[PDB]
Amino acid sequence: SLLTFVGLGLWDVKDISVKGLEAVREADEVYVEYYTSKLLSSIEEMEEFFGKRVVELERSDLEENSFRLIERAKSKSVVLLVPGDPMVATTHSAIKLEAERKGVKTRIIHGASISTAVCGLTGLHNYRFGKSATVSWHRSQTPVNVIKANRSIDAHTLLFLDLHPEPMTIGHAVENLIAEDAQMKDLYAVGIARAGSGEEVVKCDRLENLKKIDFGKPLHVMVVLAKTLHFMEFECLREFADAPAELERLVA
């Protein structure tokens, strides 16, 4: 009896850890969810890589009907594959909670997550990131409030974009932020497309200027910069994200 949460990493089947791959091969039953995020890989591709069957679970199986998955783990060794690192999405912590409360032992096999990837692709300092927010298809005052609060303590803001029913692009998120608060248009930001693919599109400029960029296909994430930049951060954005020269005004 066991429920193991296994991170898939960011892009394809080889992003799983060796420990994770071993856990999936050892598992009695293997499930996957593509609600909290998604990978390039399809379920057949995963099946050929693992050499065993993989069953896709939907949103209801992770929320209201989470008891079903947990019931399977009362008599078998079950694996739930999640894009990225398990528990970055709050959903998983609730599943784990329910499971432990029902006496089912859990285990988490960690994966690489998008925040991390954004730091290596941009050169922004991970310790400088403040709270994150999700820009939803439905208007909200939340992303703007989080950005302002983070700027108040000189911290960056990682923005995740809506995935459902269709993935939102950086262009739509810029529009959304500016509609909510006109002052967002001149804040410097970085758009990142397909983080983890190795063929990312990364561009830093004033927010409104990111609508001019062809970010390619989703998934997309954005970063709104802090009030200031460390000189190393400035140098890295200039080299990795094609930032304009006037970004140096953020360096104190």
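Numbering starts at 1 and follows the sequence shown.
- In this entry, 16-24 shows the higher mean Cα temperature factor of the pair 236-244 and 16-24.
- Set 176-184 against 95-103 and average the Cα temperature factors; 176-184 ends up higher.
- The residue among 140, 152, 122, 132 whose C-alpha atom has the highest B-factor in the PDB entry is 140.
- Per the PDB record, residue ranking by Cα B-factor puts residue 213 in the middle third of the chain.
- Looking at the C-alpha B-factors along this chain, the one for residue 118 belongs to the lowest third.
- Split the chain's modelled residues into thirds by C-alpha temperature factor. Residue 164 is in the middle one.
- Per the PDB record, residue ranking by Cα B-factor puts residue 3 in the middle third of the chain.
- Ranked by Cα temperature factor within the chain, residue 203 sits in the lowest third according to the deposited record.
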